[PDB]
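Enquirer: Sharing a structure here in structure tokens format.
Bear in mind that the values in this text are calculations on the coordinates, not laboratory data. Every residue, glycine as well, gets a Cβ built from its backbone with ideal geometry; the counts of neighbours run over all protein chains shown.
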2 protein chains.
Amino acid sequence: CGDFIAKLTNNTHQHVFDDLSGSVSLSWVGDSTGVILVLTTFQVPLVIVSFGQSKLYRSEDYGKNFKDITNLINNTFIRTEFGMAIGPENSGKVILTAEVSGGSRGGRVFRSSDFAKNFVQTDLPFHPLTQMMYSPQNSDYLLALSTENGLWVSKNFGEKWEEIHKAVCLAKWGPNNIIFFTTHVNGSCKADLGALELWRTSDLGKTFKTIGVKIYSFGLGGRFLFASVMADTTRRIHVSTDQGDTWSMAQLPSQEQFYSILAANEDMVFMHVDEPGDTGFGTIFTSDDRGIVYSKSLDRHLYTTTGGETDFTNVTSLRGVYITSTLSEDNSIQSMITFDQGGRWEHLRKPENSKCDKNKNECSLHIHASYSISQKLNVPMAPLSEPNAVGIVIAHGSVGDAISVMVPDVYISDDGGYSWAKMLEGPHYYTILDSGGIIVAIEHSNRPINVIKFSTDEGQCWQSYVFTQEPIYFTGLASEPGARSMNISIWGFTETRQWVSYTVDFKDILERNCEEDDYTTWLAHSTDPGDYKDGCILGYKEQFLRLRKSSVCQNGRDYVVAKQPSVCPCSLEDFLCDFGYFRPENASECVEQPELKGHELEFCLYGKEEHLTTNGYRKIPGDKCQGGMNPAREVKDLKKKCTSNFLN
Amino acid sequence: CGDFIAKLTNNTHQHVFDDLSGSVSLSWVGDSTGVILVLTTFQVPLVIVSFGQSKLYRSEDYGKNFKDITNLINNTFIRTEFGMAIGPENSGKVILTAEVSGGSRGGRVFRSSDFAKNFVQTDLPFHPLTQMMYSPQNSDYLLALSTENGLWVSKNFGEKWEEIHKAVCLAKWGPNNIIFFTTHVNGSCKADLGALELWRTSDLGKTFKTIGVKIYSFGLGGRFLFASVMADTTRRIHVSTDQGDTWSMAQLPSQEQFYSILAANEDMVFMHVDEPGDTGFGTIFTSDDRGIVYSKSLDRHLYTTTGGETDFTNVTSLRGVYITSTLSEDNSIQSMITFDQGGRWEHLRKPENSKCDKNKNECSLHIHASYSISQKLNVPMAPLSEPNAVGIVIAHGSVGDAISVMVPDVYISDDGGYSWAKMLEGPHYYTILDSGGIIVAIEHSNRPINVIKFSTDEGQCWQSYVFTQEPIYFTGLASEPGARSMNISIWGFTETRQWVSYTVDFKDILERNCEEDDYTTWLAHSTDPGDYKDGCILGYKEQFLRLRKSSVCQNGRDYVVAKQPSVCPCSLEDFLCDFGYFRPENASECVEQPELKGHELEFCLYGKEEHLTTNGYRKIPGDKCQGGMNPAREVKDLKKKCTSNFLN
Ligand SMILES: *[C@@H]1O[C@H](CO)[C@@H](O[C@@H]2O[C@H](CO)[C@@H](O[C@@H]3O[C@H](CO)[C@@H](O)[C@H](O)[C@@H]3O)[C@H](O)[C@H]2NC(C)=O)[C@H](O)[C@H]1NC(C)=O
Ligand SMILES: *[C@@H]1O[C@H](CO)[C@@H](O[C@@H]2O[C@H](CO)[C@@H](O[C@@H]3O[C@H](CO)[C@@H](O)[C@H](O)[C@@H]3O)[C@H](O)[C@H]2NC(C)=O)[C@H](O)[C@H]1NC(C)=O
Ligand SMILES: *[C@@H]1O[C@H](CO)[C@@H](O[C@@H]2O[C@H](CO)[C@@H](O[C@@H]3O[C@H](CO)[C@@H](O)[C@H](O)[C@@H]3O)[C@H](O)[C@H]2NC(C)=O)[C@H](O)[C@H]1NC(C)=O
Ligand SMILES: *[C@@H]1O[C@H](CO)[C@@H](O[C@@H]2O[C@H](CO)[C@@H](O[C@@H]3O[C@H](CO)[C@@H](O)[C@H](O)[C@@H]3O)[C@H](O)[C@H]2NC(C)=O)[C@H](O)[C@H]1NC(C)=O
Ligand SMILES: *[C@@H]1O[C@H](CO)[C@@H](O)[C@H](O)[C@H]1NC(C)=O
Ligand SMILES: *[C@@H]1O[C@H](CO)[C@@H](O)[C@H](O)[C@H]1NC(C)=O
């Protein structure tokens, strides 16, 4: 790689908080408002009334000075489990949900509509079981669940509440202020698992519509509405794209299996299926634009026995990139990555400049996510990435040795995960701001720390800055919202403990705007060899930018050239495997599954028996390729009517 | 209350361990053998083959010096989940279960029959899924479950392994070397919940017997065998006292409720039943000497929604004493204690000399146990008691303030939980040795520590001793086994971390034997007023001893006078409430349940319809009172045969 102190010392702002008990929370509120709220919270069970008092501080000068405003919430306290209830980014809505320290017949909330500058008190006609839920369509609409399983809505932002149903088990918002929720009759929700009923409301609670029966669970994802249904006993999954008017059971090749949705968009659906026997690993399947017909996409996917957590991450810094973790035939764990939205996975390339090279399964990079947390491994954070920071991925990774599993390191990718480099030794808390101009990490240890590690050139070069002469036990790291933000907030405590917050500003470090000479063009990776598809991602070609090495300048432009997307010709990577086909390890072409050979491929689609005839290729939902490779397929109707639905 | 340093500094033995990875475990092996093992373990998923090496140190001088014996276990490693497998106290058996560092087709064990002084290496014909399991009747027999759900046994202390059944979900030893397990057929055990089968072997695996069908789960306790059965769907609990030859369904007063067993011994059985509605509280029922006929004992019993953990605790330091935590009418958590084996519960007396006196529910002592851990409160250890140390109880407690909940304190009872006293500020790890003569505790914090707190007068006076000028981060505290043990072991590390263990010996502190002038007589508490039953516990009267205040002497005698138990006359406290009756709050007499008044009390006992007629009193199983109060009851047979069994 290859003065910076005075730039940060003049912009390091400290503030000490005295006599704080319990857990300490800190949240910037909105973009470029200077509002930071610090909140004391306490771990108290939900059905218990306890005596306690939450301290509440508000800054309006970007972490310089804080004003105690606890008088606003006198005689109340905030559960850690709840915390704050911030709304959308530019909505200025902030709710604080609390309980009356003496106890009351109802909860008490503090609603702000001006980025926490002025609050009004409103007492609740119930005890809230779960936090407030904003409608994504309308910040003024709110709902939450009572401790008596009652569903409460407000049309005027928590001022006037109305109870709309009394037997509710779960409730989640939908598009256009539609609310879905399960209900029952006999006893408890835990008792009537498999006999619930799924309802829908288009009128905030005026009218209802029962969309389903014999329900075990439900959930949302992208343009899909999911519901697990029990026929008696066995359990099967159904999907609807029309907010529950019409359903169809999901169709898989190859009983008594357990299902799990991994993600979903406006395009497709990732579903994981445990291998019979509950062996510890399963199979991922991918759906079409309707989310009905599923095909094998990745074998031997690890999941935690208790919980089902998986290393599956949606890499936000590159479209159509997902990384997960799988079990090799030698029973060594491997990180897999797809660049074509689950069309074809590839082993994660070992990191350059780290020649481990003994055993072959050894020295492979494993990236740590939700499975690795679940196995109680020393991983402070999941893989982090921001949409604005194209190509930048930061995560925790390990070599094939049990010593490196106990002490993971921080790796950085600049190309959506194609190439990796160990950048920090040992675990760290990281965050991304400035649209990727600034990368800040902070060591995670049992000893007090006082070292900020940051990076201005997309993680390629790092530098350390001691922000205080008094090391503090680390507690939290918050970044200011905004694409061009340069303000962070670190808080912790000393040793009766004394909390303290430092607001560091990178204004004087990044004062010069970057010119075109500080950027360097680079294309995304394409699994298909040759230049003819170099940079093609689901049929679109886009050129990218990147900060040079040791670049210390403020970016004002987006990393996409925004010239024009040129359409690429269709190739293998632009197609998923069809129903009954899969791609074997390291392989590029799809082949029929062994157990289905010589048998007629049949499935059931919206109460119809359908016969499939393919070359084994299905266009990727969302792929925009044209011309080139064009594998055919046909879906003809049959005679039988079949039964593809277990609800009405 | 009202020199001690030289007595401990000369007896503090430090040993430094260099270059250790992973978790560190430390254990004494046997009574007065001076064998201490130290083991390195690693957090690796069970299904993964990883490369690793577990370090292993033996001391045979009670902690003074340790010999690295890792070469005994070269090229293997031990999982943290497995740790050691120590047999019975005086058996001398030690197993070390490990996996081959490269991966293998079996595990590999290291067996020792001589208090860990010599080990033999044996390879397993299977990957162990669960740790080894000794038979309580014969320490030579072991058994274990393989990763392929294979049940394996050994009649010759893990030397020769034999697979006796291949579809085993769970298996558990029994009296006289009998083995219980569950089997299935279709798919996984997770898929055959409610369709399992319960089997039994008296011949270590030669002969089998299917004792129950349609099984959900099962367990052992005291002289009872339990088994949750599914009817279709609904779930009911069955009990058998004859190792599974004849069963009966449990009989409760007052559908689709969730059952749980709390404890059970050679006399009676404690059951918890979630209130319909999964409201976060339930109701405790006790049985008779046959484990069938249940009767309300404590209402509004708190349980954790996810997992069902409760605060129930068996004060093994006093016969007939148990403590748990209930939800008052004021939604405040309260500790409730019984001194008559669940016959009549009483609020836990607030501590003296701590005149908190604001609110009535406030200043109530809440004792933290399993429910409080489930709720993730800052509680390092549960209540601790030793049957050798009569009356001694130590645990973690709180006032009704949310601040005090966050930082619990440690309280002490010398009278079996009748009276309590705040003795230490803040959470601590604590432990008991010398049969109550020495009580040691260690601060629980983020900062490294170097201070031991100990007490030589059964918790009444305390004293600190700084055992090292090099503070260390705390990890573990172990005592030497024995009735008169005086050696402890403290281990932790500095900051690449460096582990270190200190063996402190209280020989020079307790050199003078206690005479009779150092003891003071005291009787146990009896709920019934008056002296005529003062000291009566389930019909037996026994006088107790106690060390005076500020007593620093070595006890050589047991705290029970062992004169002779005099039988007490029967009173209320010596009777449980009958079927359909209960004792209300603060109340002494049993009354019929409201919903059963005017209705004929009927239940079903071993396929018989039985009609009950009582005054509402049932002799306590194990109560030895004679004469005095004698409430009658009658159980007459009827005409109907009824159906009290779902397993054939
Ligand atoms: C990131 O941090 C910088 C601080 O280095 C923030 O800049 C601060 O912006 C406020 C806006 O209120 C400045 O206060 C005043 O704004 C009024 C607007 O009428 C203006 O007339 C005054 O002259 C003054 O600028 C504040 O001075 C400025 N900070 C410093 C240290 O000067 C910035 O807003 C933060 N967040 C981002 C970039 O979103
Ligand atoms: C998986 O991650 C990718 C990026 O990692 C996510 O892709 C992003 O999806 C969102 C919503 O589909 C897109 O937002 C867009 O907002 C504009 C605002 O005007 C709107 O007009 C568009 O209709 C769309 O909603 C976003 O552009 C897109 N990212 C990129 C790079 O294009 C994806 O949603 C994540 N989850 C999946 C695939 O389920
Ligand atoms: C832990 O406590 C024990 C007592 O509970 C201390 O006892 C030590 O025991 C050993 C024997 O294992 C004594 O050594 C000798 O035993 C032989 C017989 O084999 C005998 O002929 C000798 O006369 C002698 O007794 C040793 O003396 C004894 N230690 C002391 C200080 O007397 C043990 O020392 C305690 N742990 C620590 C770390 O001090
Ligand atoms: C609460 O703790 C007490 C501690 O005593 C539990 O144990 C019961 O204790 C007595 C005395 O130790 C046991 O005596 C038995 O002695 C015979 C021979 O004299 C022996 O064969 C037995 O194996 C046993 O040691 C009694 O059986 C024991 N209960 C059990 C589980 O065996 C009491 O069980 C605990 N609370 C409950 C109600 O579970
Ligand atoms: C696939 O390629 C990887 C290296 O990229 C190699 O370790 C593995 O053995 C190959 N597997 C097969 C089945 O070809
Ligand atoms: C029971 O006694 C406790 C104090 O031991 C008291 O606080 C409570 O109000 C009493 N309740 C009833 C119903 O008598």
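Enquirer: Determine, yes or no, whether residue A:588 is within 16 Å of ligand 5 (Cβ to nearest atom), small (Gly, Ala, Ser) and outside any strand (DSSP E or B).
Expert: The answer is yes for residue A:588.
Enquirer: Tell me, which residue of the range A:50-65 that is buried (at least 20 other Cβ atoms within 10 Å of the Cβ) and more than 30 Å from the chain's Cα centre (by Cα) is nearest to the other protein chains (Cβ to nearest Cβ)?
Expert: Looking at the filtered set, the residue picked out is A:52.
Enquirer: Please count how many residues of the range B:478-488 are farther than 19 Å from residue B:553 by Cβ and crowded, with 19+ Cβ neighbours inside 10 Å.
Expert: Total satisfying the criteria: 2.
Enquirer: Another question, if that's okay. For residues that are under 19 Å from residue A:157 (Cα atoms) and surrounded by fewer than 20 Cβ atoms within 10 Å (Cβ to Cβ), scanning just the range A:88-106, find the one that is farthest from ligand 5 (Cβ to nearest atom).
Expert: Among residues in the range A:88-106 that are under 19 Å from residue A:157 (Cα atoms) and surrounded by fewer than 20 Cβ atoms within 10 Å (Cβ to Cβ), the one farthest from ligand 5 (Cβ to nearest atom) is A:106.
Enquirer: Going by what's in this entry, would residue A:30 be described as facing chain B (nearest Cβ under 10 Å) and touching a helix residue (DSSP H, G or I) at 6+ places or on another chain (Cβ under 9 Å)?
Expert: The answer is no for residue A:30.
Enquirer: Which residue, of A:615, A:586, is surrounded by fewer than 17 Cβ atoms within 10 Å (Cβ to Cβ), under 25 Å from residue A:299 (Cα atoms) and either within 16 Å of ligand 6 (Cβ to nearest atom) or within 34 Å of the chain's Cα centre (by Cα) (or both)?
Expert: A:586
Conditions tested, residue by residue: (1) touching an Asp or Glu at 6+ places or on another chain (Cβ under 6 Å); (2) within 14 Å of another protein chain (Cβ to nearest Cβ).
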{"residue": "B:405", "(1), (2)": "no, yes"}
{"residue": "B:410", "(1), (2)": "no, no"}
{"residue": "B:418", "(1), (2)": "no, no"}
{"residue": "B:443", "(1), (2)": "no, yes"}
{"residue": "B:449", "(1), (2)": "yes, yes"}
{"residue": "B:456", "(1), (2)": "no, no"}
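Enquirer: So, in the range A:66-85, of the ones that are within 14 Å of chain B (Cβ to nearest Cβ) and of a type in the set (S, T, N, Q), which residue ends up farthest from ligand 1 (Cβ to nearest atom)?
Expert: So the residue we want is A:75.
Enquirer: Which condition number in (1) surrounded by fewer than 20 Cβ atoms within 10 Å (Cβ to Cβ); (2) closer than 30 Å to residue A:508 by Cβ; (3) touching a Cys at 6+ places or on another chain (Cβ under 7 Å) is the one that residue A:567 fails?
Expert: So the condition that residue A:567 fails would be (2).
Enquirer: Taking the range A:342-371 on its own, how many of its residues are out of contact with any helix residue (DSSP H, G or I) (no Cβ under 9 Å at 6 or more places or on another chain), more than 16 Å from ligand 5 (Cβ to nearest atom) and small (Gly, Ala, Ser)?
Expert: Total satisfying the criteria: 4.
Enquirer: Which residue pairs have Cβ atoms closer than 8 Å, lie 6 or more positions apart in sequence or on different chains, and pair a first residue in the range B:531-554 that is aliphatic (A, V, I, L, M) with a second residue that is part of a strand (DSSP E or B)?
Expert: B:545/B:519; B:545/B:522; B:545/B:560; B:547/B:519
Enquirer: How many of the residues in the range A:293-341 are of a type in the set (D, E, K, R), touching a helix residue (DSSP H, G or I) at 6+ places or on another chain (Cβ under 7 Å) and within 14 Å of chain B (Cβ to nearest Cβ)?
Expert: Total satisfying the criteria: 2.
Enquirer: Taking into account only those residues within the range A:307-333 that are over 25 Å from residue A:388 (Cβ atoms) and surrounded by fewer than 19 Cβ atoms within 10 Å (Cβ to Cβ), which is farthest from ligand 5 (Cβ to nearest atom)?
Expert: Among those residues, the one meeting the criterion is A:307.
Enquirer: Identify all residues within the range A:443-457 that are touching a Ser or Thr at 6+ places or on another chain (Cβ under 8 Å) and either within 16 Å of ligand 4 (Cβ to nearest atom) or assigned to a loop (DSSP other than H, G, I, E, B) (or both); write none if there are none.
Expert: A:448, A:450, A:456, A:457
Enquirer: Could you say whether any residue in the range A:251-270 is within 14 Å of chain B (Cβ to nearest Cβ) and either within 16 Å of ligand 2 (Cβ to nearest atom) or under 20 Å from residue A:648 (Cβ atoms) (or both)?
Expert: Scanning the range A:251-270 turns up at least one residue that is within 14 Å of chain B (Cβ to nearest Cβ) and either within 16 Å of ligand 2 (Cβ to nearest atom) or under 20 Å from residue A:648 (Cβ atoms) (or both).
Enquirer: So, residue B:379, is that one in contact with a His (Cβ under 6 Å, 6 or more places away or on another chain), assigned to a loop (DSSP other than H, G, I, E, B) and either within 13 Å of chain A (Cβ to nearest Cβ) or surrounded by 17 or more Cβ atoms within 10 Å (Cβ to Cβ) (or both) or not?
Expert: yes
Enquirer: Take the range A:467-487 and flag every residue that is within 15 Å of residue A:450 (Cβ to Cβ) and either within 16 Å of ligand 2 (Cβ to nearest atom) or more than 14 Å from chain B (Cβ to nearest Cβ) (or both).
Expert: A:467, A:468, A:469, A:470, A:477
Enquirer: Do we find that residue B:46 is of a type in the set (A, V, I, L, M), within 14 Å of another protein chain (Cβ to nearest Cβ) and either in contact with a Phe, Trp or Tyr (Cβ under 8 Å, 6 or more places away or on another chain) or more than 16 Å from ligand 5 (Cβ to nearest atom) (or both) in this structure?
Expert: On the way: of a type in the set (A, V, I, L, M): yes; within 14 Å of another protein chain (Cβ to nearest Cβ): yes; either in contact with a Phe, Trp or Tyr (Cβ under 8 Å, 6 or more places away or on another chain) or more than 16 Å from ligand 5 (Cβ to nearest atom) (or both): yes.
Yes.
Enquirer: Just the residues that are assigned to a loop (DSSP other than H, G, I, E, B) and polar (S, T, N, Q), please, taken from the range A:267-292.
Expert: Taking the range A:267-292 first, the residues assigned to a loop (DSSP other than H, G, I, E, B) are A:267-268, A:275-280, A:287-292.
Within the range A:267-292, A:279, A:287 meet the criteria.
Enquirer: From A:499, A:491, grab the single residue that is over 20 Å from residue A:389 (Cα atoms), surrounded by 16 or more Cβ atoms within 10 Å (Cβ to Cβ), within 14 Å of another protein chain (Cβ to nearest Cβ) and more than 16 Å from ligand 3 (Cβ to nearest atom).
Expert: Testing whether each residue is over 20 Å from residue A:389 (Cα atoms), surrounded by 16 or more Cβ atoms within 10 Å (Cβ to Cβ), within 14 Å of another protein chain (Cβ to nearest Cβ) and more than 16 Å from ligand 3 (Cβ to nearest atom) leaves just A:499.
Enquirer: Output the residues belonging to the range B:520-539 that are surrounded by 19 or more Cβ atoms within 10 Å (Cβ to Cβ) and in a strand (DSSP E or B).
Expert: Once the filter is applied, which keeps residues that are surrounded by 19 or more Cβ atoms within 10 Å (Cβ to Cβ) and in a strand (DSSP E or B), the range B:520-539 yields B:536, B:537.
Enquirer: Across the range B:306-350, what is the total count of residues that are β-branched (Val, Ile, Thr), within 23 Å of residue B:590 (Cβ to Cβ) and not in a loop (DSSP other than H, G, I, E, B)?
Expert: Here is the first cut: in the range B:306-350, the ones β-branched (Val, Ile, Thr) are B:306, B:310, B:313, B:315-316, B:321, B:323-324, B:326, B:333, B:337-338.
Filter once more, keeping what is within 23 Å of residue B:590 (Cβ to Cβ): B:321, B:323-324, B:326, B:337-338.
Next cut, not in a loop (DSSP other than H, G, I, E, B) only: B:323-324, B:326, B:337-338.
Adding up the residues that qualify gives 5.
Enquirer: Residue A:440 is checked against (1) more than 16 Å from residue A:8 (Cα to Cα); (2) in contact with a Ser or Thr (Cβ under 6 Å, 6 or more places away or on another chain); (3) of a type outside the set (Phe, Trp, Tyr) and fails just one. What number does that condition carry?
Expert: It is condition (1) that residue A:440 fails.
Enquirer: Could you check the range A:541-585 and list, in sequence order, the residues that are assigned to a loop (DSSP other than H, G, I, E, B) and hydrophobic (A, V, I, L, M, F, W, C)?
Expert: A:545, A:552, A:553, A:561, A:562, A:568, A:579
Enquirer: Which condition from (1) in a loop (DSSP other than H, G, I, E, B); (2) touching a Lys or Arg at 6+ places or on another chain (Cβ under 7 Å) is the one that residue A:98 breaks?
Expert: It fails just one condition, (1).
Enquirer: Let me ask something else. Between a first residue in the range B:43-62 that is among the small types (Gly, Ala, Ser) and a second residue that is part of a strand (DSSP E or B), which pairs have beta carbons less than 6 Å apart while being 6 or more apart in sequence or on different chains?
Expert: B:52/B:42; B:52/B:77; B:54/B:40; B:54/B:77; B:59/B:36
Enquirer: Kindly evaluate residue A:140 against the criterion of being out of contact with any strand residue (DSSP E or B) (no Cβ under 6 Å at 6 or more places or on another chain) and not aromatic (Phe, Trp, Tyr).
Expert: So residue A:140 passes the test.
Enquirer: Evaluate the following for residue B:544: is it within 30 Å of residue B:434 (Cα to Cα) and within 16 Å of ligand 4 (Cβ to nearest atom)?
Expert: It is true that residue B:544 is within 30 Å of residue B:434 (Cα to Cα) and within 16 Å of ligand 4 (Cβ to nearest atom).
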